[PDB]
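Contents: one structure, followed by commentary.
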RNA sequence: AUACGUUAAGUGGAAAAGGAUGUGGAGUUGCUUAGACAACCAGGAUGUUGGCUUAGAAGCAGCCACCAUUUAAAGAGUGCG
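Chains as they are written, first to last, in the entry's author numbering: chain I, 8 to 140; chain f, 2 to 37; chain H, 4 to 126; chain G, 2 to 176; chain M, 1 to 138.
Following this line, the structure appears as structure tokens:
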């Protein structure tokens, strides 16, 4: 099992994929069409993909959401957070806005509940130093 | 090594007297020591 | 020892309203194997199900002194008790059985628990 | 919480004589042993169960009492199941083969290596890599295992010569 | 490195130490402090050797306390000079020390760090010493 | 010689700072048959390396807000890597 961050819009050249999965016995030609299929809904983003390795050289893949807290910069409206969080509260975000963010992360999050999904994001918003309001 | 004031250096080290002479022993060979 | 009483009195409250339960051996209890079961609890309900591996004969068996007096035989060796709150019984007896058959933790050949006054044979 | 108070069952068939003072002549199909015992210790034979008891709680007695049980358990098992210690040779041209009771060792020294087992001990060579020293005496099998190890002290830089199976020799980076 | 701005006399008698300390036996300015078991002379350089050892290990923290300011000179006749022909000169300074006296104090520091800072000072000081804490009956 | 002990090195019959599961007594305290120290079999966190960074270094360049959930349990980290 070797996780990789294959881009959604492209999958063919050796240097990003190539030998690294080619030594796994993976048939690269047969899967590249698949990476361009389901990920087309979210083109232009770098989508991480888990890769299990069956003994029969069969394969099944699971796509994931773009990485967490990147969205927090957008909701804050600021390009970058403080280098000194809490000591420097550069930005603030409403609790209702956090609800919009947590729902996007649900397939990636292992959180049992939406109320718990809130608390997970709350630990990320504090990393940016952003106040929770 | 041999010094009058043998002391533990890491948690893996253990103090064990042998033949009337205290010796500290560890999984790392460098930490091995004996007093006297 | 006051903390131990919280371990006792709380679990008894579940057993008084408990409906069904199943034996689960603790051997080779991989964390990934647990998550596969925990997700099933999320479908059946929420936090209402309990995994609590407080399976000492000095612990859980004392809870069984009030009700479910069939745990005395199951008490030796590893156990993973489960308790139901609401949820009409069905899949709960079946879901864990499917897991052990595909590797992941010995089932103990299902020693069985309270349902009537019996033991072995999940339905 | 203690060593010698524990009972030792005899699976059988292992008889145990109680001859003074004190000699314990354990007997059976595999062999016999006579461990030395100072008088202060008290050995007794429950039916198919050896027993040991401490005369006092004094610190000197506390040490000796835990040793006497561990030895007797080593004795009975060697009279029954027996014992063996593997030795994993590692290298390229290294190999070993018997020549009579003697065990020739083609160690990398230009001088040929030979080791003669003591009576009651034999060394089969199922493969050139593995080495097995069968014997009823743990003190002797471990001694012979050390004597064979003496022929080649292991090199931390590379797996060579005698090596216990299994054991991790410390890794070293050459340059 | 601590020396008096002025002294009434260039030289003084070496004296004769005896008995329990006249005072300062009980630490209170600091949460913890070194306490000598015996009595012996301490040169000014020995005091500086102790404080430098603590400031590094302590890092950020409360100010180091020093209850003892040296005042008694130790005479040092130049080498190979014959006996007599006048008293020598004060090469340096030495504080008087008595058993049970609080040689140093530390405060505002965590319990783990405090155990070490008192220990490193004990090596620089020839006198045997022991760990001490404030009493509050009180 | 008698009685209660202590000492194991020839200490007794040669010093020190310092070091040590040496041993004999005394005291205090944590846990502990609603379970202790040893184990031997179980698993190791979830988003996540998480913010600020250094090409990248995800338990770990190092500076830290070092969060909250899954819960029988685990620090967004004890350590060999």
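Ideal placement from N, C-alpha and C gives every residue a C-beta, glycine not left out.
Every unbroken beta strand (DSSP E) inside the stretch 17 to 105 of chain G [3 residues or more] = If we require 3 residues or more, the beta strand (DSSP E) runs fully inside the stretch 17 to 105 of chain G come out as 24 to 27, 34 to 37, 43 to 47, 50 to 54, 96 to 100.
Select from the stretch 100 to 120 of chain I all residues with a C-beta closer than 9 Å to any C-beta belonging to chain H, and list them in chain order.
-> Answer in chain order: 117, 119, 120.
Min CB distance residue 45 of chain H to chain I below 8 Å | Yes, because at least one Cβ of chain I sits closer than 8 Å to the Cβ of residue 45 of chain H.
Taking the DSSP output, what are the residues bridged to residue 32 of chain M?
-> Its beta-bridge partners are M:106, M:133.
Can you give the Cα-Cα distance for residue 101 of chain H and residue 113 of chain H, rounded to whole angstroms?
-> When only Cα atoms are considered, residue 101 of chain H and residue 113 of chain H end up about 12 Å apart.
Best match in f:30, f:35, f:34, f:36 for proximity to residue 173 of chain G [C-alpha to C-alpha] = Of the candidates f:30, f:35, f:34, f:36, the one whose C-alpha sits nearest the C-alpha of residue 173 of chain G is f:30.
Neighbour-count burial assignment, residue 132 of chain M, 16 or more Cβ in a 10 Å radius = Counting Cβ neighbours within 10 Å, residue 132 of chain M comes out buried, since at least 16 surround it.
Residue from H:6, H:26, H:11 with nearest C-alpha to residue 110 of chain H | Among H:6, H:26, H:11, the Cα nearest to that of residue 110 of chain H is on H:26.
Look up residue 10 of chain f in the DSSP assignment and say whether it is helix, strand or coil.
-> Residue state, collapsed to three classes: coil.
Taking contact to mean at least 3 C-beta pairs separated by less than 8 Å, is the stretch 87 to 106 of chain G in contact with the stretch 141 to 161 of chain G?
-> Contact between the stretch 87 to 106 of chain G and the stretch 141 to 161 of chain G is present: three or more C-beta pairs spanning the two stretches fall below 8 Å.
Spell out a yes or no on whether the stretch 117 to 124 of chain H and the stretch 34 to 45 of chain G are touching, meaning 3 or more CB-CB pairs, one atom from each, closer than 8 Å.
-> As far as the Cβ criterion goes, the stretch 117 to 124 of chain H does not touch the stretch 34 to 45 of chain G, which means the pair count is below three.
Count the CB pairs spanning the stretch 103 to 112 of chain M and the stretch 12 to 30 of chain M that are closer than 8 Å, and state whether there are at least three.
-> Contact holds: three or more Cβ-Cβ distances are below 8 Å.
Burial state of residue 58 of chain H (16 or more Cβ within 10 Å) | Buried, by the Cβ-count rule.
In its own chain, which residues sit with a C-beta less than 7 Å from the C-beta of residue 29 of chain G, not counting the 5 before and 5 after it?
-> Excluding sequence positions up to five before and after residue 29 of chain G, its CB lies within less than 7 Å of the CB of 14, 15, 80, 81, all in the same chain and listed in chain order.
If you draw a straight line from the C-alpha of residue 42 of chain M to the C-alpha of residue 16 of chain f, how long is it?
-> CA-to-CA, the gap between residue 42 of chain M and residue 16 of chain f works out to about 34 Å.
At a cut of 8 Å, does the stretch 9 to 22 of chain H reach the stretch 75 to 95 of chain I through at least three beta carbon pairs?
-> With fewer than three CB-CB distances shorter than 8 Å, the stretch 9 to 22 of chain H does not count as touching the stretch 75 to 95 of chain I.
Which two residues bound the contiguous alpha helix (DSSP H) that contains residue 89 of chain H?
-> Note, residue 89 of chain H: premise wrong, no alpha helix (DSSP H); not H, not E.
Taking the alpha-carbon positions, what's the residue 47 of chain I to residue 65 of chain I distance?
-> Those two C-alpha atoms are separated by around 23 Å.
For residue 150 of chain G and residue 106 of chain G, the rounded distance between their alpha carbons = Roughly 12 Å between the two C-alpha positions.
Nearest residue (CA-CA) to residue 140 of chain G, options G:99, G:74, G:19 | Among G:99, G:74, G:19, the Cα nearest to that of residue 140 of chain G belongs to G:74.
Quick one, which of G:94, G:85, G:54, G:3 has its alpha-carbon nearest residue 123 of chain G's?
-> Shortest Cα-Cα distance from residue 123 of chain G to any of G:94, G:85, G:54, G:3 involves G:85.
Terminal residues of the beta strand (DSSP E) in which residue 18 of chain f lies = Counting along the chain, the unbroken beta strand (DSSP E) around residue 18 of chain f starts and ends at 15 to 19.
Contact between the stretch 123 to 131 of chain M and the stretch 40 to 54 of chain M (3+ Cβ pairs under 8 Å) | The answer is yes - the stretch 40 to 54 of chain M touches the stretch 123 to 131 of chain M, with three or more Cβ pairs under 8 Å.
Note down the Cα distance separating residue 123 of chain M from residue 2 of chain f, rounded to an integer number of angstroms.
-> As the crow flies, the alpha-carbon of residue 123 of chain M is around 22 Å from that of residue 2 of chain f.
On the three-pair Cβ rule with 8 Å, is the stretch 37 to 51 of chain I touching the stretch 91 to 106 of chain I?
-> Flag = no, the stretch 37 to 51 of chain I and the stretch 91 to 106 of chain I do not touch.
Residue 129 of chain G - DSSP class collapsed to helix/strand/coil = DSSP, read as helix, strand or coil, puts residue 129 of chain G in coil.
Look at the Cβ atom of residue 134 of chain G, then the Cβ atom of residue 142 of chain G, and state whether they are nearer than 8 Å.
-> Between residue 134 of chain G and residue 142 of chain G, the C-beta spacing is below 8 Å.
Anticipated Cβ contact below 8 Å, residue 115 of chain G with residue 103 of chain G, distance rounded = About 5 Å separates the beta carbon of residue 115 of chain G from that of residue 103 of chain G, a gap short enough to meet the 8 Å contact definition.
So, is residue 67 of chain H buried or exposed, given that buried needs 16 or more other C-beta atoms within 10 angstroms?
-> By the 10 Å Cβ count, residue 67 of chain H comes out buried.
In three-state terms, what does DSSP make of residue 70 of chain I?
-> DSSP places residue 70 of chain I in strand when its eight states are reduced to three.
Work out the CA separation of residue 129 of chain G and residue 96 of chain G for me, nearest whole Å.
-> C-alpha separation (whole angstroms): 5 Å.
CB-CB under 8 Å to residue 65 of chain G, same chain, minus the five flanking residues each way: which ones, in chain order?
-> Excluding positions up to five away in sequence, the list reads 39, 41, 42.
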